[PDB]
Amino acid sequence: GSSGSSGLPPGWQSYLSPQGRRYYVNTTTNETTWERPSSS
């Protein structure tokens, strides 16, 4: 089943995989995540 994050906090960026998928990545913490901005 589908599992992600409806909305994201003001600071995280939203990118797309080289295949079509969608993922997120932090610019400050520089941490890679999956459709979920793992704030820290």
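Residues numbered from 1 in each chain as written, not as in the entry; some residues may be left out. Heavy atoms only, no water.

> Tell me about the environment of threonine 32, residues and numbers included.
Relative to the helices and strands, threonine 32 is located in strand β3 (residues 32-33). Measuring from C-alpha to C-alpha, the distance between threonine 32 and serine 5 comes to 15 Å, with 27 residues separating the pair along the chain. Sequence-distant contacts of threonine 32, defined by excluding residues within four places in its chain, comprise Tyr24 and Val25. (Helix = DSSP H or I, 4+ residues; strand = E, 2+ residues; numbered from the N terminus. Contact = heavy atoms within 4.5 Å.)

> Break down the sheet that holds strand β1 (residues 13-16) for me, citing the residues and quoting the values.
Within a sheet, each strand pairs with its neighbour through backbone hydrogen bonds, oriented either parallel or antiparallel. Strand order in this open sheet of three strands is β1-β2-β3, and the pairing throughout is antiparallel. Each edge of the open sheet carries a strand with a single partner, namely β1 and β3. Bridging between strand β2 (residues 22-25) and β3 involves two bridges; their strand directions are antiparallel. Bridge pairing in β3 links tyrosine 24 to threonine 33. (Pairing = 2+ DSSP bridges.)

> Can you lay out the packing of aromatic side chains for me, pointing to particular residues and giving the numbers?
Evaluated as defined, the whole model comprises two aromatic pairs. A centroid spacing of 6.3 Å and a plane angle of 45° characterise the contact between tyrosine 15 and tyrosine 23, whose relative ring orientation is tilted. Measuring from centroid to centroid gives 6.4 Å for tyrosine 23 and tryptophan 34, while their planes differ by 65°, and the two rings are edge-to-face. Remark: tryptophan 34 occurs in the segment after β3 and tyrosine 23 occurs in strand β2; sequence separation between them is eleven residues. For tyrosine 23, a relative accessible area of 23% translates into the label partly exposed. A relative accessible area of 58% places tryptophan 34 in the exposed class. Three or more aromatic residues joined by ring pairs form one cluster here, namely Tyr15, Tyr23 and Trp34. (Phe/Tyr/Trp six-rings, centres within 6.5 Å; stacked < 30°, edge-to-face > 60°. Buried < 20%, exposed > 50% of the residue type's maximum accessible area, 1.4 Å probe, protein only.)

Bear in mind that shape data such as this cannot, by itself, settle questions of function.
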